[PDB]
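Trainee: After the structure tokens below, expect a handful of questions from me.
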Amino acid sequence: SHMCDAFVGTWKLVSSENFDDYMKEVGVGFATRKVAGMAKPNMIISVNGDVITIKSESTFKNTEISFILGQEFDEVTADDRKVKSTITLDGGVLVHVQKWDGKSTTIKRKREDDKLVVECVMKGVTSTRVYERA
Ligand SMILES: CC(C)c1cc(C(C)C)c(S(=O)(=O)O)c(C(C)C)c1
């Protein structure tokens with residue numbers, strides 16, 4: 001077992017706050033914001049040895065990233081940014097930093113009660129997305 005096993009499973013989005021403003025701050029275009037904001041994704045998290053895989057499945061896009069903690073990788077985001085990503089564990093929280101074009105955003109994933117809580121931060125703007133077990 002690892003502690004990261006707490007994240008493993010299939011999760012469904014049940015609430016989203018301030019996601020449009022987060023996307024605006026990130027630089028997402030109008031039409032993409034509207035369609036992505038409407039999405040109600042499932043997040044599927046799995047672990048196999050040192051490799052963590054996070055999938056997002058929705059009517060908008062199906063994305064998948066696989067990574068090793070602390071080890072940088074190239075990611076193409078759902079809004080088609082090409083970013084350099086590093087994901088680490090900090091006191092039980094998965095911290096995902098994306099860097100592109102001199103900009104940076106941080107996505108934190110944490111377990112709270114029976115929920116998985118995702119905090120998306122771009123400068124001073126924070127969006128909170130809450131998922132429950134599917
Ligand atoms: C449009 C961009 C900024 C975006 C889209 C999505 C989905 C709606 C595909 C997500 S997430 O996969 O729901 O966490 C996320 C997370 C990783 C913040 C970001």
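Labels for the structure tokens follow display order: chains A, B, ..., residues from 1 in each chain, ligands from 1.
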Using only C-alpha atoms, determine which residues lie at most 8 Å from residue A:41, disregarding the query and same-chain residues fewer than 4 positions distant; provide the list as a tab-separated table (two decimals) with N, CA, C and O atoms, in the first residue's frame.
Mentor:
chain	number	residue	atom	x	y	z
A	12	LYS	N	-16.58	11.46	-9.75
A	12	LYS	CA	-17.46	12.25	-10.60
A	12	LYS	C	-17.61	13.66	-10.04
A	12	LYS	O	-17.75	13.85	-8.83
A	13	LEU	N	-17.59	14.65	-10.93
A	13	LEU	CA	-17.71	16.05	-10.52
A	13	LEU	C	-19.10	16.34	-9.99
A	13	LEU	O	-20.09	16.09	-10.68
A	56	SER	N	-9.22	12.17	-17.33
A	56	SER	CA	-10.42	12.97	-17.22
A	56	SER	C	-11.29	12.64	-18.42
A	56	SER	O	-10.86	12.77	-19.55
A	57	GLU	N	-12.52	12.20	-18.16
A	57	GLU	CA	-13.42	11.83	-19.23
A	57	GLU	C	-14.71	12.64	-19.17
A	57	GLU	O	-15.37	12.69	-18.14
A	58	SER	N	-15.05	13.26	-20.29
A	58	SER	CA	-16.27	14.06	-20.36
A	58	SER	C	-16.72	14.19	-21.80
A	58	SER	O	-16.06	13.68	-22.71
A	59	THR	N	-17.84	14.87	-22.02
A	59	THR	CA	-18.29	15.14	-23.38
A	59	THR	C	-17.37	16.13	-24.09
A	59	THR	O	-17.37	16.19	-25.32
Trainee: Pull the closest atom pair for each residue of chain A that gets at most 9 Å from ligand 1, along with the distance in Å to one decimal, counting only C-alpha atoms and all ligand atoms, ordering rows by chain and then ascending residue number, as CSV.
Mentor:
residue,atom,partner,partner_atom_place_in_ligand_line,distance
A:13,CA,ligand 1,13 (O),7.8
A:19,CA,ligand 1,3 (C),8.3
A:20,CA,ligand 1,1 (C),8.9
A:22,CA,ligand 1,3 (C),7.5
A:23,CA,ligand 1,3 (C),5.3
A:24,CA,ligand 1,3 (C),8.9
A:26,CA,ligand 1,3 (C),6.9
A:27,CA,ligand 1,3 (C),8.6
A:28,CA,ligand 1,1 (C),6.7
A:32,CA,ligand 1,1 (C),7.1
A:33,CA,ligand 1,1 (C),6.5
A:35,CA,ligand 1,8 (C),8.2
A:36,CA,ligand 1,8 (C),4.6
A:37,CA,ligand 1,8 (C),6.3
A:38,CA,ligand 1,8 (C),7.8
A:39,CA,ligand 1,8 (C),5.4
A:40,CA,ligand 1,8 (C),7.2
A:41,CA,ligand 1,13 (O),5.5
A:42,CA,ligand 1,13 (O),7.7
A:43,CA,ligand 1,12 (O),6.9
A:54,CA,ligand 1,12 (O),8.9
A:55,CA,ligand 1,12 (O),7.5
A:56,CA,ligand 1,12 (O),4.7
A:57,CA,ligand 1,9 (C),7.3
A:58,CA,ligand 1,9 (C),7.0
A:59,CA,ligand 1,9 (C),8.9
A:60,CA,ligand 1,9 (C),6.4
A:61,CA,ligand 1,9 (C),5.5
A:62,CA,ligand 1,9 (C),7.0
A:63,CA,ligand 1,9 (C),7.0
A:64,CA,ligand 1,12 (O),8.9
A:77,CA,ligand 1,2 (C),6.6
A:78,CA,ligand 1,9 (C),5.1
A:79,CA,ligand 1,1 (C),4.8
A:80,CA,ligand 1,1 (C),8.4
A:81,CA,ligand 1,3 (C),8.9
A:96,CA,ligand 1,17 (C),8.7
A:105,CA,ligand 1,18 (C),8.8
A:106,CA,ligand 1,18 (C),8.4
A:107,CA,ligand 1,18 (C),6.1
A:108,CA,ligand 1,18 (C),8.9
A:118,CA,ligand 1,14 (O),7.5
A:119,CA,ligand 1,18 (C),7.9
A:120,CA,ligand 1,18 (C),5.5
A:121,CA,ligand 1,18 (C),8.5
A:127,CA,ligand 1,18 (C),8.4
A:129,CA,ligand 1,14 (O),8.0
Trainee: Take atom CA of residue A:104 and atom CA of residue A:29 and report the distance between them in Å, one decimal.
Mentor: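 Atom CA of residue A:104 sits 17.4 Å away from atom CA of residue A:29.
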Trainee: Quick one: pick out all strand (DSSP E) residues within stretch 15-71 of chain A from a backbone DSSP run and write them as a list in words.
Mentor: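 These are the residues in question: residues 15, 16, 17, 42, 43, 44, 45, 46, 47, 48, 51, 52, 53, 54, 55, 56, 57, 62, 63, 64, 65, 66, 67 and 68 of chain A.
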Trainee: If you keep N, CA, C and O atoms, can you produce a file of those selected residues as a JSON list (two decimals), in the first residue's frame?
Mentor:
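So out-v4.json came out as:
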[["chain", "number", "residue", "atom", "x", "y", "z"],
["A", 15, "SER", "N", -19.58, 19.48, -7.88],
["A", 15, "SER", "CA", -19.70, 20.93, -7.79],
["A", 15, "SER", "C", -18.46, 21.65, -8.34],
["A", 15, "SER", "O", -17.35, 21.11, -8.30],
["A", 16, "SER", "N", -18.67, 22.85, -8.86],
["A", 16, "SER", "CA", -17.59, 23.66, -9.42],
["A", 16, "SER", "C", -17.85, 25.12, -9.12],
["A", 16, "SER", "O", -18.95, 25.63, -9.37],
["A", 17, "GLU", "N", -16.86, 25.81, -8.57],
["A", 17, "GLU", "CA", -17.00, 27.23, -8.27],
["A", 17, "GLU", "C", -15.86, 28.00, -8.92],
["A", 17, "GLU", "O", -14.70, 27.60, -8.82],
["A", 42, "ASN", "N", -15.63, 12.75, -15.30],
["A", 42, "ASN", "CA", -15.18, 11.73, -14.37],
["A", 42, "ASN", "C", -13.66, 11.79, -14.32],
["A", 42, "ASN", "O", -13.01, 11.96, -15.34],
["A", 43, "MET", "N", -13.11, 11.68, -13.12],
["A", 43, "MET", "CA", -11.66, 11.65, -12.97],
["A", 43, "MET", "C", -11.31, 10.25, -12.52],
["A", 43, "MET", "O", -11.88, 9.75, -11.55],
["A", 44, "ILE", "N", -10.41, 9.60, -13.24],
["A", 44, "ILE", "CA", -10.03, 8.23, -12.93],
["A", 44, "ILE", "C", -8.56, 8.21, -12.57],
["A", 44, "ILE", "O", -7.71, 8.56, -13.39],
["A", 45, "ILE", "N", -8.28, 7.83, -11.33],
["A", 45, "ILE", "CA", -6.91, 7.85, -10.83],
["A", 45, "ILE", "C", -6.47, 6.43, -10.50],
["A", 45, "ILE", "O", -7.17, 5.69, -9.81],
["A", 46, "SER", "N", -5.31, 6.05, -11.01],
["A", 46, "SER", "CA", -4.79, 4.72, -10.75],
["A", 46, "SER", "C", -3.29, 4.80, -10.49],
["A", 46, "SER", "O", -2.62, 5.76, -10.88],
["A", 47, "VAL", "N", -2.78, 3.79, -9.80],
["A", 47, "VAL", "CA", -1.37, 3.73, -9.47],
["A", 47, "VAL", "C", -0.85, 2.34, -9.83],
["A", 47, "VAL", "O", -1.48, 1.33, -9.53],
["A", 48, "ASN", "N", 0.29, 2.31, -10.51],
["A", 48, "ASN", "CA", 0.95, 1.05, -10.84],
["A", 48, "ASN", "C", 2.44, 1.24, -10.61],
["A", 48, "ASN", "O", 3.12, 1.91, -11.39],
["A", 51, "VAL", "N", 4.22, 4.72, -11.12],
["A", 51, "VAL", "CA", 3.52, 5.51, -12.13],
["A", 51, "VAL", "C", 2.07, 5.79, -11.74],
["A", 51, "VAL", "O", 1.28, 4.87, -11.53],
["A", 52, "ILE", "N", 1.73, 7.07, -11.66],
["A", 52, "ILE", "CA", 0.36, 7.49, -11.38],
["A", 52, "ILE", "C", -0.28, 7.94, -12.69],
["A", 52, "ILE", "O", 0.36, 8.63, -13.49],
["A", 53, "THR", "N", -1.52, 7.52, -12.91],
["A", 53, "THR", "CA", -2.24, 7.91, -14.11],
["A", 53, "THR", "C", -3.51, 8.63, -13.71],
["A", 53, "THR", "O", -4.27, 8.14, -12.87],
["A", 54, "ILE", "N", -3.73, 9.81, -14.28],
["A", 54, "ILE", "CA", -4.96, 10.56, -14.05],
["A", 54, "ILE", "C", -5.66, 10.77, -15.38],
["A", 54, "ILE", "O", -5.10, 11.39, -16.28],
["A", 55, "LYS", "N", -6.88, 10.24, -15.50],
["A", 55, "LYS", "CA", -7.69, 10.42, -16.69],
["A", 55, "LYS", "C", -8.84, 11.34, -16.37],
["A", 55, "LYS", "O", -9.40, 11.30, -15.27],
["A", 56, "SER", "N", -9.22, 12.17, -17.33],
["A", 56, "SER", "CA", -10.42, 12.97, -17.22],
["A", 56, "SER", "C", -11.29, 12.64, -18.42],
["A", 56, "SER", "O", -10.86, 12.77, -19.55],
["A", 57, "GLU", "N", -12.52, 12.20, -18.16],
["A", 57, "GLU", "CA", -13.42, 11.83, -19.23],
["A", 57, "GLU", "C", -14.71, 12.64, -19.17],
["A", 57, "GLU", "O", -15.37, 12.69, -18.14],
["A", 62, "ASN", "N", -11.41, 13.84, -23.62],
["A", 62, "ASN", "CA", -10.85, 12.76, -22.81],
["A", 62, "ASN", "C", -9.35, 12.97, -22.73],
["A", 62, "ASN", "O", -8.66, 12.94, -23.75],
["A", 63, "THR", "N", -8.84, 13.23, -21.53],
["A", 63, "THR", "CA", -7.41, 13.44, -21.35],
["A", 63, "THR", "C", -6.84, 12.36, -20.44],
["A", 63, "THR", "O", -7.56, 11.75, -19.65],
["A", 64, "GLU", "N", -5.54, 12.14, -20.55],
["A", 64, "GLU", "CA", -4.85, 11.19, -19.70],
["A", 64, "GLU", "C", -3.41, 11.65, -19.52],
["A", 64, "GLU", "O", -2.74, 12.02, -20.49],
["A", 65, "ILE", "N", -2.96, 11.67, -18.27],
["A", 65, "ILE", "CA", -1.54, 11.90, -18.00],
["A", 65, "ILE", "C", -1.01, 10.79, -17.12],
["A", 65, "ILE", "O", -1.71, 10.31, -16.22],
["A", 66, "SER", "N", 0.21, 10.35, -17.41],
["A", 66, "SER", "CA", 0.92, 9.41, -16.56],
["A", 66, "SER", "C", 2.25, 10.04, -16.16],
["A", 66, "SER", "O", 2.86, 10.75, -16.96],
["A", 67, "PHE", "N", 2.67, 9.80, -14.93],
["A", 67, "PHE", "CA", 3.83, 10.51, -14.39],
["A", 67, "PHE", "C", 4.38, 9.83, -13.16],
["A", 67, "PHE", "O", 3.72, 9.00, -12.53],
["A", 68, "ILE", "N", 5.61, 10.22, -12.83],
["A", 68, "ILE", "CA", 6.27, 9.78, -11.61],
["A", 68, "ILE", "C", 6.44, 11.03, -10.76],
["A", 68, "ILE", "O", 6.72, 12.11, -11.29]]
Trainee: Considering only C-alpha atoms, can you say which of A:124, A:116, A:25, A:4 comes closest to residue A:69?
Mentor: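 For residue A:69, the nearest of the given residues is A:4.
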